[PDB]
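Since the structure comes first, as structure tokens, the remarks are kept for the end.
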Amino acid sequence: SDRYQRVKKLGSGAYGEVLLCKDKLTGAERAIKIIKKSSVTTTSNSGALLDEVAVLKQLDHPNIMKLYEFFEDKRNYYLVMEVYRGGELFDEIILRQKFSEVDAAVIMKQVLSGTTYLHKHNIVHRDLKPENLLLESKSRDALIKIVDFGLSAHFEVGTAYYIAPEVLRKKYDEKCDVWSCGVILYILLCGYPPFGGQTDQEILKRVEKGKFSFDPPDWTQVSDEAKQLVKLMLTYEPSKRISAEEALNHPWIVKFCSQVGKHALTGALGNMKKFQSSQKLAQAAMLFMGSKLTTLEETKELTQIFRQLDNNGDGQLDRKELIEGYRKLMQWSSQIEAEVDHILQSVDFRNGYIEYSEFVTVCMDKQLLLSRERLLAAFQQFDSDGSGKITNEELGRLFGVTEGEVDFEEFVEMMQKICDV
Ligand SMILES: CCN(CC)CCNC(=O)c1c(C)[nH]c(/C=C2\C(=O)Nc3ccc(Cl)cc32)c1C
Ligand SMILES: [Mg+2]
């Protein structure tokens, strides 16, 4: 009943899910965020909201996400945005064999130019983090695109490393983005966050205290200009913190963007590889457990659905009935659903009238088997030593940010049984 055809989920953003969709008109792919109106409280009014939307539609900067369309109906708001296929910035950094302060400045000039442009348009990101730094494509010269900013003044519904102390007190302005930028920069220069901890609670307590250091051996050979910039961006008092524009024009950016010898960041890069891979493995594990719970829920639900459609109570359904049941699971357009059911009837199978419980298992086993192969990818990027095992300590960092050795098979079993316990 619209213009877009859903292809798949890309992931999550502030206030809702982001779907890869096909524009039926031109065939072009778009990233579409859906904000379910029930999931938000409006803290302003429709005119104020639509005013920001009009500003968001006008943003045209090389380092800033483009917004094509904003529309709505009774249930949802829809934001139609560009798809970026270069991946997250830090996932690309950790593929490198070398990294210098020049490289760090070339990155930060882009982040700071975009952030300066947002602030000039009175737009605040408010949750700026590396995952919101997307490479536009796989092109060699791909630009960093900042995504997911805006709308914080209009809606109310890891990431703890990047949050300004004033945001924790819910009394902030655009200066909060400068702090997040300063955290990202700190990590670029030494490879670990300035405010650490094993849990969100621990991290945030360090954030609110506001103390950090430039420790040896990491910070020894870092330029005086870089440390000064970090200090200015991580100034505790928002009113005394430098602006995005002043950071952009800071001597460190000017000096290092005019060009890797005297200012290599080899140790930083090694740390970043460990930092990013462990973060991505925690994320993958959370998503896997997330998927396992959803699969068990939808299993029981689809069984109840099919049971109601089973008029004679023989535990069997034909193709058309199966489709009707699949439709009802989504409710808890028709052209796409028939494909998934038919492709699922391949393993199910000829007779035309099948036991729906078998359809249920085969349907969800394909969900569980798909979940593993996504966790596996993250496990492989994490497995920097040749062991193919995760230690109890590494596993402690994982579960301690989630809710003497173990291989991938044992790891999966440890998580699937945790979804039972
Ligand atoms: C479970 C792994 N999953 C892949 C399905 C997460 C990895 N992310 C993506 O593949 C992805 C891609 C290719 N693009 C995006 C997100 C985009 C995107 O491409 N454009 C865009 C604009 C605004 C906002 Cl808020 C978010 C986005 C994402 C999250
Ligand atoms: Mg029947």
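Residue indices begin at 1 and follow the sequence shown. Scope of the values below: all heavy atoms of this structure, side chains included, with no hydrogens, waters or symmetry mates.
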>> Between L189 and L265, does the side-chain contact (heavy atoms from CB on, under 4.5 Å) criterion hold? Intermediate values first, please.
In response: CA-CA 7 Å; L189 296 158; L265 298 175; 4.3 Å; yes
>> Over 60° means perpendicular and under 30° means parallel, so tell me whether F214 and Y186 are parallel, tilted or perpendicular.
In response: parallel
>> As an exercise, state the distance from CG of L128 to SG of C176, rounded to the nearest 0.5 Å.
In response: 9.0 Å
> In Å, rounded to the nearest 0.5 Å, how long is the span from CD of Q381 to CD of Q276?
Replying inline: 11.0 Å
>> Could you check whether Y161 and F195 have their ring centres less than 6.0 Å apart?
In response: no
> What pairs meet the ring pair (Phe, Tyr, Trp, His ring centres under 6.0 Å) rule with one or both residues in residues 119-138, with sequence neighbours excluded?
Replying inline: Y117-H121
>> With a 3.5 Å distance limit and no angle check, can you tell me whether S387 reaches the backbone of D383 through a side-chain donor-acceptor pair?
In response: no
> Going by atom types alone, do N392 and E405 pair a side-chain donor with an acceptor below 3.5 Å?
Replying inline: no
> Quick one: do the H263 and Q221 side chains pair a donor with an acceptor below 3.5 Å?
Replying inline: no
> Are the charged groups of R397 and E393 less than 4.0 angstrom apart, N to O?
Replying inline: no
> What closest approach, in Å, do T159 and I163 show between heavy atoms, and which atom pair accounts for it?
Replying inline: O-CG1, 3.4 Å
> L375 versus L287: any side-chain heavy-atom pair under 4.5 Å?
Replying inline: no
> Does any N or O in the side chain of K37 come within less than 3.5 Å of the main-chain N or O of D73, such that one atom is a donor and the other an acceptor?
Replying inline: yes
>> Looking at every non-hydrogen atom in both residues, tell me the closest pair between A247 and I253 and how far apart they are.
In response: O-CG1, 3.5 Å
>> Counting C-beta onward and ignoring hydrogens, is there a side-chain heavy-atom pair between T41 and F155 closer than 4.5 Å?
In response: no
>> For the backbone of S371 and the side chain of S291, can you confirm whether one donor and one acceptor N or O come within less than 3.5 Å of each other?
In response: no
>> Just to verify, what does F71 make a ring pair (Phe, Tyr, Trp, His ring centres under 6.0 Å) with, not counting sequence neighbours?
In response: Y78
> Does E225 have any salt bridge (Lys or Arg N to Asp or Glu O under 4.0 Å) partners at least two apart in sequence or in another chain, and if so, which?
Replying inline: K255
> Who pairs with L95 by side-chain contact (heavy atoms from CB on, under 4.5 Å), at least two apart in sequence or on another chain?
Replying inline: none
> Considering residues at least two apart in sequence or located in another chain, which fulfil the side-chain contact (heavy atoms from CB on, under 4.5 Å) criterion with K8?
Replying inline: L20
>> Going by ring pair (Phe, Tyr, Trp, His ring centres under 6.0 Å), name the residues that satisfy it together with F70, two or more places apart in sequence or in a different chain.
In response: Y77
> So does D2 pair up with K24, basic N to acidic O under 4.0 Å?
Replying inline: yes
>> Quick test of your reading of the model: are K98 and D103 salt-bridged, counting only N-O distances below 4.0 Å?
In response: no
> Can you name the residues that form a side-chain contact (heavy atoms from CB on, under 4.5 Å) with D224, not counting sequence neighbours?
Replying inline: none
>> Is it the case that the side chain of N271 and the backbone of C190 share a donor-acceptor pair, with hydrogens and angles ignored and the cut-off at 3.5 Å?
In response: yes
> Looking at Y192 versus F275, is the centre-to-centre ring distance below 6.0 Å?
Replying inline: no
>> Can you confirm whether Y172 sits close enough to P238 that some side-chain heavy atom of one is under 4.5 Å from a side-chain heavy atom of the other?
In response: no
> Is there a donor-acceptor contact under 3.5 Å from the side chain of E136 to the main chain of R85?
Replying inline: no
>> Looking only at side-chain N and O atoms, does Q201 offer a donor or acceptor that is under 3.5 Å from a partner on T199?
In response: no
> In terms of heavy-atom contacts, does NZ of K138 have more than 12 from other residues, nucleotides or ligands at under 6.0 Å?
Replying inline: no
> Quick one: does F99's side chain get under 4.5 Å of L188's, heavy atoms only?
Replying inline: yes
>> Holding to side-chain hydrogen bond (donor to acceptor under 3.5 Å, both in side chains), I want the full list of residues that pass it with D23, two or more places apart in sequence or in another chain.
In response: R3
> Which residues pass the salt bridge (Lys or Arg N to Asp or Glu O under 4.0 Å) test with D141, sequence neighbours left out?
Replying inline: none
> Got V167 and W179 here, is their nearest side-chain heavy-atom distance under 4.5 Å?
Replying inline: no
>> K280: which residues meet the salt bridge (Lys or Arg N to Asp or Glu O under 4.0 Å) condition with it, sequence neighbours left out?
In response: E88
>> Does this structure show an ion pair linking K66 with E82, if we count only N-O contacts that are shorter than 4.0 Å?
In response: no
>> Under a 3.5 Å distance rule, please check whether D148 uses its side chain to pair with a backbone N or O of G13 as donor and acceptor.
In response: no
>> Between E101 and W252, does the side chain to side chain donor-acceptor pair (under 3.5 Å) criterion hold? Intermediate values first, please.
In response: CA-CA 9 Å; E101 279 194 48; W252 183 71; 2.8 Å; yes
> Side-chain contact, heavy-atom cut-off 4.5 Å: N63 with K145?
Replying inline: no
>> Quick check on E245: does its CD atom have over 12 non-hydrogen neighbours (other residues, nucleotides or ligands) under 6.0 Å away?
In response: no
>> Rounded at 0.5 Å granularity, tell me how far OG1 in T266 sits from CD in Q97.
In response: 9.5 Å
> Relative to the ring of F379, is the ring of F408 parallel (under 30°), tilted (30 to 60°) or perpendicular (over 60°)?
Replying inline: perpendicular
> Does one side chain, of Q110 or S113, offer a donor that lies under 3.5 Å from an acceptor on the other?
Replying inline: no
>> Looking at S100 and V102, would you say the former's side chain and the latter's main chain have a donor-acceptor pair under 3.5 Å?
In response: yes
>> Test of understanding: with salt bridge (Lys or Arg N to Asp or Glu O under 4.0 Å), list the residues that count as partners of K274, not counting sequence neighbours.
In response: none
>> Less than 4.5 Å apart, side chain to side chain, heavy atoms only: is that true for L281 and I390?
In response: yes
> Do the side chain of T235 and the main chain of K231 share a donor and acceptor less than 3.5 angstrom apart?
Replying inline: yes
> Does a donor on one side chain and an acceptor on the other come within less than 3.5 Å for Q367 and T295?
Replying inline: no
> Does atom NZ of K109 have more than 12 heavy-atom neighbours, drawn from other residues, nucleotides or ligands, at distances under 6.0 Å?
Replying inline: no
>> One thing to verify: whether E166 and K170 come together as a salt bridge, which I'm taking to mean a side-chain N less than 4.0 angstrom from a carboxylate O.
In response: no
>> Can you tell me how far apart CG (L232) and CG (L185) are? Round to the nearest 0.5 Å.
In response: 11.0 Å
> If you measure from the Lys or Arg side-chain nitrogens to the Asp or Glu carboxylate oxygens, is any gap between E69 and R30 under 4.0 Å?
Replying inline: no
> Do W219 and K227 come close enough that some side-chain heavy atom pair is under 4.5 Å?
Replying inline: yes
> Is there a donor-acceptor pair closer than 3.5 Å between any side-chain N or O of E246 and the backbone N or O of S243?
Replying inline: yes
> Taking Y162 as the fixed residue, which of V207, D177, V183, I203 is the one that meets the side chain to side chain contact (heavy atoms under 4.5 Å, CB included) rule?
Replying inline: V183
> Counting distance only, does the side-chain N/O of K175 pair as donor-acceptor with the main-chain N or O of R241 below 3.5 Å?
Replying inline: yes
>> According to side-chain contact (heavy atoms from CB on, under 4.5 Å), who are the partners of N122, at least two apart in sequence or on a separate chain?
In response: none
